[PDB]
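Please read the structure below before turning to the comments.
Don't worry about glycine lacking a Cβ; one is built from the backbone with ideal geometry, like all the others, and counts go over all protein chains shown. Just so you know, all these numbers are worked out from the coordinates, no wet-lab data involved.
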Amino acid sequence: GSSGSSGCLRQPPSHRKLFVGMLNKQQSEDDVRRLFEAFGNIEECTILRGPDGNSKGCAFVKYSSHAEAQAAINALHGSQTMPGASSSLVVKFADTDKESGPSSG
């Protein structure tokens, strides 16, 4: 059943990345690997490390599709609170075109 949508509007965006922050300088790529994937499959993972060297409490994680992404987000972001931080984990859809834009130039 449920065949035939005949309704295309505000269709979802195009991006398989997720920006995670409010992390602790203890966890490792692995920890975040299993944890995340624990819900929705992951395509790639890359921990962020500022020039200083010590993790900046951030990392880039990708998923197979949107649905899965949201699952991990709600299941993670706003759920627990990384050690040290007072605010629940922060996981949002990572953007690609930040600097660029249709700005009237």
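If you go through the range 13-39 and pick out every residue that is in contact with a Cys (Cβ under 8 Å, 6 or more places away or on another chain) and either among the small types (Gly, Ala, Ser) or under 16 Å from residue 84 (Cα atoms) (or both), you end up with 3. Filtered by the rule that a residue be free of Cβ contacts under 8 Å to residues at least 24 places away in the same chain and of a type in the set (A, V, I, L, M, F, W, C), the range 39-81 gives 42, 45, 47, 48. Return the pair list, or none, for Cβ contacts closer than 7 Å from residues in the range 84-96 that are of a type in the set (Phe, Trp, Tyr) to residues that are in a loop (DSSP other than H, G, I, E, B), at least 6 apart or on different chains. Cβ pairs passing all conditions: 93/15.
Scan the strands (runs of 3 or more DSSP E) fully inside the chain and keep the ones with 2 or more residues being surrounded by 11 or more Cβ atoms within 10 Å (Cβ to Cβ) and of a type in the set (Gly, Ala, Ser).
55-63
Checked against (1) within 22 Å of residue 98 (Cα to Cα); (2) of a type outside the set (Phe, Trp, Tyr); (3) free of Cβ contacts under 8 Å to residues at least 24 places away in the same chain; (4) touching a helix residue (DSSP H, G or I) at 6+ places or on another chain (Cβ under 9 Å), residue 18 meets all criteria but (3).
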